[PDB]
Amino acid sequence: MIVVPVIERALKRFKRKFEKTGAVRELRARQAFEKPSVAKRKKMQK
Amino acid sequence: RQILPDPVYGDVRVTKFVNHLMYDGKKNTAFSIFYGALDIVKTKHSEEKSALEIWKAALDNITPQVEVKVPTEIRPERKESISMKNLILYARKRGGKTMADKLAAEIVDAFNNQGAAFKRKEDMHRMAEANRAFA
Amino acid sequence: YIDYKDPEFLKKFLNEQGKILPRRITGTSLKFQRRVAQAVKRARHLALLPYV
Amino acid sequence: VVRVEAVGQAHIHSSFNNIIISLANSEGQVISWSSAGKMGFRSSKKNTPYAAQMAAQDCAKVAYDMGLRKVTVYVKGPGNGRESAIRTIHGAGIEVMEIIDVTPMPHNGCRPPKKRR
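Procedures and definitions
Residues numbered from 1 in each chain as written, not as in the entry; some residues may be left out. Chains lettered and ligands numbered in written order. Part of a larger assembly, values for the part shown. Heavy atoms only, no water. Residues with missing side-chain atoms left out of burial classes, pairs and counts. UniProt positions renumbered as here; feature names shortened; annotations may be inferred. Helix = DSSP H or I, 4+ residues; strand = E, 2+ residues; numbered from the N terminus. Pairing = 2+ DSSP bridges. Axes fitted to C-alpha atoms, helices over the stretch in contact; angles between N-to-C directions. Contact = heavy atoms within 4.5 Å. Nonpolar A, V, L, I, M, F, W, Y, C, P; charged D, E, K, R; others polar. Salt bridge = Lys/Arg side-chain N within 4 Å of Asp/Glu carboxyl O. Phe/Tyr/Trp six-rings, centres within 6.5 Å; stacked < 30°, edge-to-face > 60°. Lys NZ or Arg CZ within 6 Å of the ring centre and 35° of its normal. Parallel < 35°, antiparallel > 145°, perpendicular 65-115°, else oblique. Left-handed = near helix turned anticlockwise from the far one by under 90°.

The name that the PDB entry assigns to chain D is Small ribosomal subunit protein uS11, with the source organism given as Porphyromonas gingivalis. Under the UniProt heading Function, the note attached to chain D is "Located on the platform of the 30S subunit, it bridges several disparate RNA helices of the 16S rRNA. Forms part of the Shine-Dalgarno cleft in the 70S ribosome." The Sequence similarities field of the UniProt record for chain D holds the comment "Belongs to the universal ribosomal protein uS11 family."

Going by the annotation in the PDB entry, the name recorded for chain A is Small ribosomal subunit protein bS21, with Porphyromonas gingivalis given as the source organism. Database annotation for chain A, UniProt heading Sequence similarities: "Belongs to the bacterial ribosomal protein bS21 family."

Following this line, the structure appears as structure tokens:
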């Protein structure tokens, strides 16, 4: 629930807030299913 | 490369047009064709203008603006080259008695804003406006 | 013992969206971080801080 | 039978394939809506800022002549063009009050549908 009360400055602020929150990253993650083994091994490799 | 002024009008655009018009290195033949065509142009549309002014206006009328490589802007040199090439090519394609007559007819049509070269330019404009999103 | 009350104290470890900040962002150590997370979740259950 | 007096809420529902912009009054009753598919962008270009701008302009023009003057923006879902839509409805007469990202996120709810290969 990112709120940017207020046009170019407001839009840049909203985009920056969304990027900081990382909603698109979690949306891309939730688009598909990942096995717990896959997640654990990705974390171990990273 | 260097371009000689035209002997009659002292222009480089005229020499470039003749260079586009020339076959097999016969520049005298190309010059004779161009001067003849201007003569029928001035004898037919005799219009509160000149003979070379009508030709320049025709080239400006049939020149295109943007070109889809996605649409993009066109350099002035490529714009002029494509305008001259289109005029000559459609003059060759169209029917008529002599090349001078065909070229004069096409120049007059381009000035009067209708013709095959104008149709090609309008089609290119439509194909350019079709892809405004990817630009 | 961090109390699940004092929500104003509790926001010291939360971000703008109300989530719990990582232990690496601040200086917390593991035991204190666990206690902070437990207190935050207890207060969320008690409707003292928002879930979102 | 609708009545939007002065202010309302704009809702943007975006995805990886399409964007839908729908303006409504304070009771969430839609008065106008538009989308890239309605604008006629049936291609991969449905998720383009240009398509979003076109849809937002059409919706704002359709809804402005009804008493709508001020609007609050809600955004759900990802996808390019949300900024373009916000800018277009801001510049098409309607005045924006705040930008709110209502994109729903789960606290580990149901199972997502597999993974493409």
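From this point, the discussion proceeds with the structure in view.
Draft legend 1. Region of the structure containing the overall build of chain A. Each helix and strand counted, chain A has three helices and one strand in total. In terms of its C-alpha atoms, chain A occupies a principal-axis envelope of roughly 45 × 20 × 15 Å.

Draft legend 2. Focus on the sheet that holds strand 5 (residues 95-101) of chain D. If you trace the six strands from one edge of the open sheet to the other, you get 1(A)-5(D)-4(D)-1(D)-2(D)-3(D), paired in mixed fashion. Edge strands, defined here as strands with exactly one partner in the open sheet, are strand 1 (2-5) of chain A together with strand 3 (30-35) of chain D. Taking each pair of neighbouring strands and ignoring which way they run, the sheet shows an average axis angle of 20 degrees. Of the pairings in the sheet, the one linking strand 4 (residues 70-76) of chain D to strand 5 of chain D comprises five bridges and is parallel in character. Looking at the pairing, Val71(D) lines up with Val96(D) of strand 5 of chain D. Relative to strand 4 of chain D, helix 3 (residues 82-91) of chain D is tilted by about 175 degrees, and along the sheet it contacts strand 1 (7-14), strand 2 (19-24), strand 4 and strand 5 of chain D.

Draft legend 3. Molecular detail of the environment of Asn17(D). Residue and element names in this part refer to chain D. Checked against the element boundaries, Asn 17 lands in the loop between strand 1 and strand 2. Along the sequence, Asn 17 and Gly 40 sit 23 residues apart, while their C-alpha atoms lie 14 Å from each other. Setting aside its immediate chain neighbours within four residues, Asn 17 contacts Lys 46 and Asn 47.

Draft legend 4. Summary view of the interface of chain D and chain A. Contacts between the two partners involve 19 residues from chain D and, on the opposite side, 16 residues from chain A. Of all elements in the fold, only helix 3 and strand 5 of chain D reach the threshold of two or more residues within the side of chain D that touches chain A. It is strand 5 of chain D that contributes the most residues to the side of chain D that touches chain A, six residues altogether. Broken down by class, the residue content of the side of chain D that touches chain A amounts to ten nonpolar, three polar and six charged.

Draft legend 5. Looking closely at the pattern of salt bridges. The shortest N-O distance in the salt bridge between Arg30(A) and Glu26(A) comes to 3.4 Å. With a gap of four residues between them, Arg30(A) and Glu26(A) both fall in helix 2 (residues 23-30), about one helical turn apart. In this structure, the salt-bridge partner of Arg94(B) is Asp109(B), at a minimum N-O distance of 2.8 Å. Of this pair, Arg94(B) sits in the loop between helix 4 (76-93) and helix 5 (99-111) while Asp109(B) sits in helix 5, placing them 15 residues apart in sequence. Residues joined in a network through salt bridges with shared partners are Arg94(B), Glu106(B) and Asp109(B).

Draft legend 6. Representation of unusual backbone geometry within the structure. Backbone geometry at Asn113(B) places phi at a positive 80 degrees, although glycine is not the residue there. Secondary-structure assignment places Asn113(B) in the loop between helix 5 and helix 6 (116-129). With phi around 60 degrees, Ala47(C) is a residue other than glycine that occupies positive phi space. Relative to the helices and strands, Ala47(C) is located in the segment after helix 2 (30-45).

Draft legend 7. Layout of the packing of aromatic side chains. When the ring of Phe17(B) is compared with that of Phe34(B), the centres are 5.5 Å apart and the planes differ by 40 degrees; the resulting orientation is tilted. Within this pair, whereas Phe17(B) is found in helix 1 (residues 12-21), its partner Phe34(B) is found in helix 2 (residues 27-44), the two being separated by 17 residues in sequence. The interplanar angle of 85 degrees and the centroid separation of 5.8 Å between the aromatic rings of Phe41(D) and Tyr50(D) together place this pair among those described as edge-to-face. Aromatic ring contacts, followed pair by pair, group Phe17(B), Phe31(B), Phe34(B), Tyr35(B) and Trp55(B) into a single cluster. A cation sits over an aromatic face here: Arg13(B) above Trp55(B), 5.8 Å from the ring centre. One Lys or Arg, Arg111(D), reaches over the ring of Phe33(A) and ends 3.7 Å from the middle of that ring.

Draft legend 8. Just the packing of helix 2 of chain B against helix 5 of chain B, in detail. Residue and element names in this part refer to chain B. Running from N to C, helix 2 and helix 5 point in directions that differ by 55 degrees, and their axes come no closer than 8 Å. Between helix 2 and helix 5, the crossing angle belongs to the class labelled oblique. The chirality of how helix 2 crosses helix 5 is right-handed. Together, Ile 33, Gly 36, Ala 37, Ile 40 and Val 41 of helix 2 and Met 99, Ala 100, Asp 101, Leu 103, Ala 104, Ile 107 and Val 108 of helix 5 make up the contact between the two elements. Taken together, the residues that form the contact of helix 2 with helix 5 break down as ten nonpolar, one polar and one charged.

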